[PDB]
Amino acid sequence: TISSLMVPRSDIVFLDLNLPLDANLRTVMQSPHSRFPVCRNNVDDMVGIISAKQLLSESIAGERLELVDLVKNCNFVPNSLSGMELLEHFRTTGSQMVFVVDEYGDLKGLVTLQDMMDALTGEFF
């Protein structure tokens, strides 16, 4: 049932290392999200994740900025994980965001800690 807590791949807002820095800046400016998955060309070539605050901080800073330098590591998990197993993966890793793949290794979506906590403290379970 981990699919229902998922942000589907079509709803993922992401940055593209193959695009100009300015286009990614605009993507970030037009979204409320704190963190963005970063890929190359498309979401099936995910390279990691970027903090918006950092990107913008270091942009407003005016320092020589290359997007690839702010990328942080991203964890993948199978879509076959149970709710508990997913929860424990979050606690163990301390990750805010994890990527979910199907049996072909293809990206199905992402899960956030935030969404995981909302589901625990609401009426989900």
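One rule holds for the numbers: they count along the sequence shown, beginning at 1.
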Point to revise | Higher-B stretch (mean Cα B-factor, as the entry records it), 39 to 47 or 22 to 30 | key: 39 to 47
Exercise for review: On mean C-alpha B-factor from the PDB entry, just flag whether 101 to 109 or 9 to 17 is the higher one.
Suggested key: 101 to 109
Review point. Where does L65 sit by CA temperature factor within its chain: lowest, middle or highest third?
Key: highest
Practice item. Report the third (lowest, middle or highest) to which the CA temperature factor of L86 belongs, ranking only the modelled residues of the same chain. Key: lowest
Point to revise | Entry-reported Cα temperature factor of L55, expressed as the chain third it lands in | key: lowest
